[PDB]
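J.: Before we start, here is the structure in question, set down as structure tokens.
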Amino acid sequence: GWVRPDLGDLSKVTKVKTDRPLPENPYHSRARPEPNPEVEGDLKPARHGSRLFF
Amino acid sequence: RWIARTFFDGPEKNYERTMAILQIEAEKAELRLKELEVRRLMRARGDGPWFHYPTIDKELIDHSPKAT
């Protein structure tokens, strides 16, 4: 029974553990709607100012 | 005939021209009406990259804490 550590624990890993799989959605219900699509391609001047003049 | 040369543009000009000015004018009017139509939709529903209000954060923290 006699075993004393003179350093500590320092985060021990449990490789033998199986039990249940980790990814199973812990809190998330909705995936959230897809964001605005990113515009790919270089912009070209067509109208050259859509203001009152020029 | 002497007044027609070096003092007049001619009937060929401003007929081939002006229609070119109208062609730019038609593009300028239709796209401005399209801009008024796009801004009427993009402000009402957040679908495109126009009049979009800034969000809180994309990524802040994901590391394991000392939580209960």
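Chain labels run A, B, ... following the order of the structure tokens; each chain numbers its residues from 1, and ligands are numbered from 1 in the order shown.
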If you count only C-alpha atoms, which residues fall within 10 Å of residue 47 of chain A, apart from same-chain ones fewer than 6 positions away, as number ranges by chain?
T.: A: 54; B: 24-25, 27-28, 31-32
J.: Can you check which residues of chain A have any atom within 9 Å of chain B? Use only C-alpha atoms and format it as a ChimeraX atom specification.
T.: /A:35-39,47,49-51
J.: Using backbone DSSP assignments, extract all alpha helix (DSSP H) residues from chain B; output them as a list in words.
T.: residues 19, 20, 21, 22, 23, 24, 25, 26, 27, 28, 29, 30, 31, 32, 33, 34, 35, 36, 37, 38, 39, 40, 41 and 42 of chain B
J.: In Å, with one decimal, what is the gap from atom CA of residue 56 of chain B to atom CA of residue 34 of chain A?
T.: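 Distance between the two atoms: 16.9 Å.
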